[PDB]
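Each remark here refers to the structure printed beneath this line.
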Amino acid sequence: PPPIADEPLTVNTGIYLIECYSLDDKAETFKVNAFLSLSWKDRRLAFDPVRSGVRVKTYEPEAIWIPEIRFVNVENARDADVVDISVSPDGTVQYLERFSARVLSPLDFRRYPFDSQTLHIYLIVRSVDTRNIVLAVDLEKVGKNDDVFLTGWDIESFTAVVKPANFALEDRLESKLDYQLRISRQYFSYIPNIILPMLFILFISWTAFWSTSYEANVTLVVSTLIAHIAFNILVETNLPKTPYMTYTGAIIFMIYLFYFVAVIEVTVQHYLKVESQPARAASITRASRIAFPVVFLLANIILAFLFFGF
Amino acid sequence: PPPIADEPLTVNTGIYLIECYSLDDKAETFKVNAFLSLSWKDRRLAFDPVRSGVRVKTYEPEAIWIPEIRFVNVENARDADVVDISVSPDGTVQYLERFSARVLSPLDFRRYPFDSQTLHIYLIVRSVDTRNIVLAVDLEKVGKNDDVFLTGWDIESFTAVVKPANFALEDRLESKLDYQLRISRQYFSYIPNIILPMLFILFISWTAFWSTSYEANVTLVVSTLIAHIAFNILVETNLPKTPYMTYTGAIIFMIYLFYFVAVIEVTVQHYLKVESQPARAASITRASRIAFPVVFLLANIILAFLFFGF
Amino acid sequence: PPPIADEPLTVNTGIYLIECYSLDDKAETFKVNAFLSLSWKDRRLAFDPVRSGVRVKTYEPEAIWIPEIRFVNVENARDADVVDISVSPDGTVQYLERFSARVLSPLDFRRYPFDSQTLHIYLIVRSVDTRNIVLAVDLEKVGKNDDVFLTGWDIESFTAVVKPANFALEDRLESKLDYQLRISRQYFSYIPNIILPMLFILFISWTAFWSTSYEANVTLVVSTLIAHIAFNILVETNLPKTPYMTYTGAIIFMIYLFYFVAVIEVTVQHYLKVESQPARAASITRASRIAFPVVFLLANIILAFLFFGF
Amino acid sequence: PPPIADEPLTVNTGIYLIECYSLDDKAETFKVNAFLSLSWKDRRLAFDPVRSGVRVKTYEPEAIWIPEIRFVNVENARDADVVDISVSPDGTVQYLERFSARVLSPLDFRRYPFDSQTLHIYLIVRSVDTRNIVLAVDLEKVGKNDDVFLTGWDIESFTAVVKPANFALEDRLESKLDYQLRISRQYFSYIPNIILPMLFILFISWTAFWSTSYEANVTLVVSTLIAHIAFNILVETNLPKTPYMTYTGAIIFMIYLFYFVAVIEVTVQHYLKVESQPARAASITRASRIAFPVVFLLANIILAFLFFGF
Amino acid sequence: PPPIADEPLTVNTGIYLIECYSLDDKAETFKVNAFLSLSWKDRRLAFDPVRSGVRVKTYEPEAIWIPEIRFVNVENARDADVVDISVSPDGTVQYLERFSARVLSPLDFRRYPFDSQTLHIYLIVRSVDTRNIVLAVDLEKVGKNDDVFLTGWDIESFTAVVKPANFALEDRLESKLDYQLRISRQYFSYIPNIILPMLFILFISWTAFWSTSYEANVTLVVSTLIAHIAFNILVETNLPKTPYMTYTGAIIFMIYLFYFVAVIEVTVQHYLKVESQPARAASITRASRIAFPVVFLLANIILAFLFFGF
Ligand SMILES: [As]
């Protein structure tokens, strides 16, 4: 029984994030528990303040006509309990629910450990024989507590795109709003636990530039190459199959090279020291001790620049 | 209370993919959230536009008779909320729901990292005492947004087989339609993370063709063979037990060989260099340095051709 | 309101597997989505074909009395939507639902990678003041599509034990039926990925029978022993804690020995070659080169026979 | 509308375990699916057998007053469907539901691999203005099938403490019963997969008591110490953070020592063989070959005794 | 239909923890099952003890007006069954439910293995046209059994902040209470399983201060460094991405250093012993044997003090 109008009826929205959690980088989802605040004029139930009852009248959902506000990017039906409904005299309705649903917004792992994100929540609404435009009421959208969690993410700002996007979808127009959740990652625990350890093994790797024993140079460059897989694999696991290239996947891969040419040297410092030409060998080995850490720290300035600096 | 007809009543279908996600290579499933668009003439509730009400009359599901459209290949009951029902004058019904269910379509991992897929959604409908034929209405089947996600897959085309398949199933005929979702994989993250690293270790493996120390040749060929298991195991994990042979399972296995004959050589370059016949040894070792990388790159053109080229 | 009878009322059952999936070796469960087909004579609602309406009358569940058919070996309440109910003239009822529940049937991993299974679905029904006997109607039990999936398993046959098992359970007799799903595993991906790789490392292991360097023989036999744990652990993970012995757990363990005595040899080929008695040493080493691969392939014929051949 | 009585009304309980499963050592829970059997005299609905109807009258739950029997140690609300209600003439009610809930009973991992357990299910009931005492009816408590599963546990006995525990809880007395599920673990798969492999590596560890090469003794004692972590870590994972000491955590830890002093020896057999005093060295090494396996098998008799024998 | 009052109506709260469990360090949640005890004067249904019925009258929830008490920090809607409602003569209501919900309270891993925690449960209540103030009744808040579990945590005290926090939230004041659950961790299983094993490997690490073989010193210091990752990774897994530094993450990282300088020494004890200057080498090696374990145990007093002592 929709509110007989003279034009496209505006429904006024708003979301108060109460709880945020389980951001799942693999799945590219995250769970939210918030308030949903709808309101619209349904003159059809305006009500003579003095003549009867009081300032505002309380209805159960079954009584009033309520707009079907579906969330767009959600796994399942949003999971909402109704908090209160309050019809003002002029026929204005005040709806408030408290839903909790897991939201499917994409993430950009291009700078992985040092990435900032922008999550979305949507809200469409399909029309009947009066059109429905949704729009935001920013006093109910200051949604976000001073307790909004989201482990391992700094939360920057919950805003929303005031202007809705009105489509035609199957001979019935819908109206979609964009609620924006901006977050930066807490890179850090990525250092003592990934970056640093990763580097350390790389350095030991090429301690075999001050060594002559092939036996203890393969026992050296090869042992460390293994541990790098232990890190490549550790990192690769908590991260989805991007069709593009990650920052850490870059360096984690660039690293794979400095182990190949590392193993190339140790190898050549021998077919060239069993060829009785140690003239050359400890000339090369001697060089490597510079070329490598340089080319590296060089290729990291090259690489790091390539991602953040551009 | 089904619509009294003069022949098999046609129900007109359509699916607008809203969200796509969690394609699960192991489970051979994927989750979809879409619009379901049904429509049929139920002359039984045609309604004198002028004489009463308006252009089109809105019903709740309980009022009208609605056709039971079950999805065929689904784990559980499809999970739908109803968006709107609109009976036209002539007795034509306009049904629209917005379901979300996880769909069990098979995948062909024969070219694994470089595979294209064709997912299916089904929709049967069993008949009563008027026969039901389903068929597609292509304005509600343009289903698929410009936002359809499906991480790590390029989505090519959502179409549908116009001609339904009508069975006899238990003394009651059913009608099944075929909705087709064609996707190609985003192979790539498979290179810096699998293929390349995998190859690199293989090359280091046979750096022991320019070495004479058995000690550092086993510390060499054997250490790399381990890391290959680290990749065989990593790859074997995100991939089901195909009764056939994968492409990467091919080369990942072909590889296992170039480590066995590699370890064969290093081994023989010694029972033949402690047999005071280094005449032969460094004749073999010398050859291996070619035979191997050739036979390999040869067997990869042979293998690769065997899969893609045929 | 149960159908007043003159004897134990027979309810006629049937299950059409529509979808099969998520067989979970660890959990010993599997999920099924099928048709449930019940039927019984309730003369109490026979209905004068000519005198009124038509050939058959359609009821909602609330109207008719329907038998409580519970599935026995199920995690939770079976998850069924009703497809149609059709009372024939003589008072015969035609019930059809389409449930989906996850089923707890045990598996026998005794031949693990090469095992065939026999899954069960149950269906009890408890009685009131007329006894209920269930029994199968084999036209609704041809249940199983030509699309029944079950990844990594060949499906052999869906049948059912016609004769029900009628118990006394708490001063009320119940009647249970046995629906049988027979499957063989798709052993194979177990070869290029487990068996073969496992063997290869074992062979390299005992390449140290043609070597004299203890340094490169422990670097040899020990490195491979590690990789075998990487396989024991890989295999042990996707497999429950059987109180009995698995086939692959056999050979995977038999293998642990050929590494212990392998490491015994290399070890003794030294306290007996530093004891200036290489007379003996390269007599033993020389032998091992046969004893081992023989005793092995021997113990595998012994072992394999012990499991399959008996 | 509770049954007007002359004293504390006894409600008669009973539980028929139908299914048992998912015992979760980490979570200290387990799932059960059983019958709940309640019964009480509500003279208020006694009913003249001859005068009307029949022997016993069937009610829906809404009609009768039923006692709120909550399970105490449960994660969520118990998940029950009602099987039948049958009021006898004298006003006696026969209630039967078939719930399934996951139960939070603690476990004692003190003897871990060789531990027996005693699970609990509770059932309280709070009173109104007639007191409620619960008590057991042992014909409906023989609950437990001949099919009760519980993977990896031998089920010994389902009994119940006849005398209830009646508290005062918030100015209203409750009555709690204790249903006892006694199980022993199927230790075994813990031997070929943990205990044995664990020991084997320990033995190889100290094969370096018959060796003199420090290079191949560290390559020896150290490589095995790693693999022990692979087992410490494997075992530690499927086991919660006990504030006390596990048996296997004992020996798994005692083991850590025999690798420290093992590495101590190999180390000292060298700063004492490069000190040109091999007089002593191969005197120690010689001793270790006994002290170790003895002190070990000794400390295991000491340790094992300490846990089981006391 | 809220209770017509003369001022802000006080609702009297209380929570009897019945069950506690699944504290999830990664998720920063925990599950609780307790009694919720509300009470308020609704003079509107006072009732002439003598004139009618009895001492107290029992209502179903639908009859009375009940206050909407939502829990604040909860994932989903709290999951409550109602235990009893009892209106006293004066119009006093006695409400009692038994909810079970999972609670999102944050934890401070700053002292990780040796940390004490303070969990929160909240309870807001929004007002209508009489204000609602909640407040605690400490006879229904002694909530907590003598059976409160919470595996791997010692439970210290369940109390509550008597003075509520009254906000203005969207032109309607709410009232929030703070229920406090204080727990200390059962550090311990962290020693035989983490701390000790971790240390042991560190000690073996630097057994290469009494060794001269580079081959057996890298096979030494490097093998142990790996095992440390096996522990860093084991520990890092059951612990969230703190933006701050953990205690064990400190020492687990401080440790990474004593392996780098350890490997630095062994390395330098060689480019300085192949430089025919063993004068210096076995002067350094000799020193390390002290500097290390000291600087360590020193840096641990330094470190441990830095966390607990301040
Ligand atoms: As190694």
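Quick note on naming: the chains in the structure tokens go A, B, ... in the order shown, residues restart at 1 in each chain, and ligands are numbered from 1 in order of appearance.
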Exercise for review: Residues up to 8 Å from ligand 1, counting only C-alpha atoms and all ligand atoms: could you list those as a PyMOL selection string?
Suggested key: (chain A and resi 219+223) or (chain B and resi 219+223) or (chain C and resi 219+223) or (chain D and resi 219+223) or (chain E and resi 219+223)
Practice item. Please report, as a VMD selection string, each residue of stretch 75-262 of chain A to which DSSP assigns helix (DSSP H, G or I) when run on this structure's backbone. Key: chain A and resid 109 to 114 191 to 209 215 to 237 247 to 258 260 to 262
Point to revise | Nearby residues (only C-alpha atoms) at most 9 Å from residue D:152, same-chain spacing under 2 positions excluded, as a PyMOL selection string | key: (chain C and resi 240-243) or (chain D and resi 149-150+154+184-187)
Review point. Would you list which chain B residues are within 8 Å of chain A using only C-alpha atoms, as a ChimeraX atom specification?
Key: /B:18-19,22,33,79,81,83-84,100,139-140,151-152,186-189,192-193,197,200,204,207,210-211,213,215-216,219-220,223-224,227,230,234
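What separates atom CA of residue E:161 from atom CA of residue A:145 is a distance of 20.8 Å.
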Practice item. From the DSSP assignment of the backbone, select every residue of stretch 8-152 of chain E that is strand (DSSP E), and format the answer as a ChimeraX atom specification. Key: /E:9-13,15-24,29-41,57-58,81-87,92-98,100-103,116-121,132-136
